[PDB]
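Right, one structure below, let's go through it.
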Amino acid sequence: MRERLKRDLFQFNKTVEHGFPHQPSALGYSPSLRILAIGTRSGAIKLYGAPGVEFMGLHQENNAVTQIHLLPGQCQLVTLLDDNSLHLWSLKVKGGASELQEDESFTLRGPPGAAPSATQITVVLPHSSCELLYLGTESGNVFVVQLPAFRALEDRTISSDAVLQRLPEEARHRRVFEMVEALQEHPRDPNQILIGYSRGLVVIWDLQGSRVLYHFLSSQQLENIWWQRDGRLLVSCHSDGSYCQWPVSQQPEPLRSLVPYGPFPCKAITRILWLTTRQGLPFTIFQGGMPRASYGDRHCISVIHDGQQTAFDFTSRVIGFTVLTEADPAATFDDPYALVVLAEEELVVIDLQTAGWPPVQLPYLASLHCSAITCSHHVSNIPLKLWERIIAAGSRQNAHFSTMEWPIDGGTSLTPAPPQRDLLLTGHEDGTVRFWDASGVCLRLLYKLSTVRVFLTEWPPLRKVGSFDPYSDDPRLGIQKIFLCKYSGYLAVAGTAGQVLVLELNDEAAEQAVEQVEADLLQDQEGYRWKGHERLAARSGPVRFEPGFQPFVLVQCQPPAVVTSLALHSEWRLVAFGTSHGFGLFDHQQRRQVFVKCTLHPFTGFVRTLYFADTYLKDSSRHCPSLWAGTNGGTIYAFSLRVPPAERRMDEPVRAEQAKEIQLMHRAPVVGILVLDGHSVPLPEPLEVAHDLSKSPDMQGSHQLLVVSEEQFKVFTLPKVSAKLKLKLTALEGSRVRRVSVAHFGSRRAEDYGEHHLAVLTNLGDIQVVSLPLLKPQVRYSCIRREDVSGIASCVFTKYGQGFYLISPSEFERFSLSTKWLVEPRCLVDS
Ligand SMILES: [Cl-]
């Protein structure tokens, strides 16, 4: 088409990322803005508020973010990288919406000669005046930096030698690297700061008078400090797994000291929080302290409150955590209500008001890889009734979750609610299928299906939380293919060990037996054998299923090989499935096998593609149901299908006969099969005409068969299968087709106009649009690196010109090639 017409239809943009960012390294939180901050090893900074409020930034040096400090009240933040550099970020409103940008940077450097092991920043303390940064270092010296306009203030430095001179003789036995471990401001006096050193010396320092007001020397090595809200109590934690309480009123002794998980030797308690409540029952949250021999491998955060104590246990390393408190600066009590934990593989939020401390559902930042993703499947425009029933069944399985509204709700989302409901289904290694709301900026878990059901298999107070599982139990359960009929609520899922399940949406629970049917694909091949995966043992007798997608029939391929293709026709109530050996058709109404076809006689018979079509196979006048299969060797099989009417659906059996066998002479694997109607419009989905008679295919004009191989596109006329058009992609451009999907491209110049075209993902990671029906290449975009074999394998298209691919094991990148779609965040955040 003309280039002016291309610009109304096609335009490539990567718009948003969905999921849990790879390898987090720092956590920050602003209690005034109610906004979460996450830094990564790659130098990324990511901010989150209410759903729709999110920002991303990148440090120019791609070094790990180690600390994030959102300035009190202000719309600013200071990050620290592992190269010891500090950076000042801000949220300025440009164009009525907020945006994140880096203002300045600063590397604290000592006089030439001083080792870097001395100027290494340990603690960053933003002063309540919002004008000064106090910087503790491994040498024991506290430096002061002005804000904004980064400038060190050498006259305000608090050195270790200046502190030790104000102290008695027995408190002066310093180490070479005093190592500032704590650096805090008095909660009720901006003139006093606490400095804590590794060897156990803690001082309270009068900034204006340059003198020590208070000090103690703990018996154990110091790890961290917490200053009670009123400033009259200090809690320290130590390298032997103990913590002490200290009064603040000179040179005192501990009020209390204990190793919470003794008497065994314990690992350090590395962070501790002491939080008051109006009810007079304080919270004690601390990280670590595990018995070294039996639990040293554990990633724990313990919570003590009102005689109750739980050691929350996470399956990945704790990167950082925070506790949301009802209190603002003025409040007398802290009153915690949520514990937010950033682990290396997931975010976890705990409700601290509700007894039992239940988890909070995530609206975003979901660990898509809590079981490894093995396939995906996108469905656009969901019927509202089906959508509500999915969401309903999701709530029923999430009853153990807290009812607390999402607390990290800062900012204001400026984007209207999505007009269209999109679903992204993910298949996983453990046999689960998750239903994600892919409509807008936030990818939210709506419902989870577990297919493992149909097959056969206190001190410290550990409680396992989170969802990430690092262990691979049974790879046979892995979901390979997914087909959801958004009209009938039927669902077909296919697995790694030849298992094919057809399921149906149900509002209520059910107790039923899953009917098992074997599909032997080597029936006409004696002497064969199967090396490897034994079939999954199915549950005999009835099984109880919660509300959701409930399986009623299991088709077990023999041999139980990886199911390599799947198609479901919800109107004819048939399911087709392929393996490396052959393919077969199954009547899931009668729960009987219609036919089975082996493909190993002229891998090569490897069935890549399956496609139902009501089109012309023999005569130009009558159009019958049909199934099409494409193989790795360029072969296309077509089967005429006799489907009884509604009344006779259970009385007479469905009949099939091989009507066509087309061979592509270039002999490349068939990746896509499609039929266009008389107006060259692709045939509609099953039950789409039943729900919309305007989509009834044109039977007046001649139908055309589109076959896409890895090397070529080809259009034949039906029923003769006479060649009409072709595009030799690999010959022309040197690229190979990885996958291809039909996509409707609407015009941005005409409100209600659009054309169907082919979205094509190549083995070079490119994304091409090939026109229909003429097979002319329209646009080619760079998207995924050609070396990114996992990202290319994970890429999935939408029906209307969007797409998703995995940039990491745990998050998608959303791209759009259509001018009608641009799902990006737009939000406002102010103080
Ligand atoms: Cl463009």
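Just so you know, all these numbers are worked out from the coordinates, no wet-lab data involved. With ideal geometry, Cβ positions are generated from the backbone for all residues, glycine too; neighbour counts draw on all protein chains shown.
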Practice task
Above 25 angstrom, tally the Cα pairs of segment 420-546 and express them as a % of all pairs, no decimals.
Solution key: 39 percent
Completion exercise
So the FRET efficiency between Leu456 and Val176, C-beta based with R0 = 51 Å and rounded to 0.05, is 0.20
Problem - Label-to-label distance, nm, for residues given as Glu504 and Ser294 (7 Å Cα→Cβ offset) - result: 5.2 nm
Fill in the blank from the handout: Quick note, segment 782-831: a/c under 1.5 would make it rounded; otherwise a/b > b/c is prolate and the rest oblate (a ≥ b ≥ c, C-alpha gyration tensor); here it is oblate
Handout entry: Cβ-Cβ FRET estimate between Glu751 and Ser722, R0 fixed at 30 Å, reported to 0.05
Key = 0.15
Handout entry: Unit charges on C-beta of K, R, D, E only; dipole of segment 410-533, Debye
Key = 560 debye
Practice task
Give, rounded to the nearest 20 debye, the magnitude of the charge dipole that segment 1-121 has about its Cα centre when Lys and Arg contribute +1 at Cβ and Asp and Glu contribute -1 at Cβ.
Solution key: 460 debye
Handout entry: Cα lying deepest toward the dipole's positive end in the chain, options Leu729, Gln165, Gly52, charges on Cβ
Key = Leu729
Completion exercise
Among beta bridges assigned by DSSP with both residues in the chain, the antiparallel ones amount in percent, to the nearest 5, to 95 percent
Exercise for the section: In debye, nearest 20, what is the charge dipole magnitude of the chain about its Cα centre with +1 on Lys and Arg Cβ and -1 on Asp and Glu Cβ, if you could check? Expected result: 2380 debye
Fill in the blank from the handout: Given the candidates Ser790, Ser90, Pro254, the one whose Cα lies deepest towards the positive end of the charge dipole of the chain, counting +1 at each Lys or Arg C-beta and -1 at each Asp or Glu C-beta, is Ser790
Problem - Sequence-distant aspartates and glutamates (8 or more away, or on other chains) whose Cα lies within less than 13 Å of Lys597 - result: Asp520, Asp524, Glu657, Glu661
Fill in the blank from the handout: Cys130 and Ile391 label points (each 7 Å along its Cα→Cβ direction) are spaced in nm at 3.8 nm
Problem - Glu253 versus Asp103: modelled label distance in nm, points set 7 Å from Cα along the beta carbon direction - result: 4.9 nm
Exercise for the section: State the Cα centre-to-centre distance between segment 41-70 and segment 261-332 in whole Å. Expected result: 26 Å
Handout entry: Förster radius 22 Å - calculated FRET efficiency between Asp409 and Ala330 (Cβ-Cβ, nearest 0.05)
Key = 0.55
Completion exercise
A student applying the Cα gyration tensor rule (rounded when a/c is under 1.5; otherwise prolate if a/b is larger than b/c, oblate if not) would label the chain prolate
Exercise for the section: Could you tell me the distance between the Cα centroids of segment 668-721 and segment 513-543, to the nearest Å? Expected result: 34 Å
Exercise for the section: With a cut-off of 17 Å, note down the residues of segment 81-109 whose backbone N falls inside the zone around a label point 7 Å from the Cα of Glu154 toward its beta carbon. Expected result: 107-109
Problem - All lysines inside 29 Å of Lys92 as judged from Cα atoms, apart from same-chain residues fewer than 8 positions distant - result: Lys14, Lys46, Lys820
Exercise for the section: Could you tally the net charge around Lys92, taking each other residue with its Cβ under 13 Å from the Cβ of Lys92, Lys/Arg +1 and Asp/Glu -1? Expected result: -3
Exercise for the section: Please give the calculated 222 nm ellipticity per residue for the chain, where each DSSP H segment of at least 4 residues contributes -39500 (n - 2.57) and the sum is spread over every residue; nearest 500 deg cm²/dmol? Expected result: -1500 deg cm²/dmol
Problem - segment 552-599 versus segment 759-815: alpha-carbon centroid distance in Å - result: 29 Å
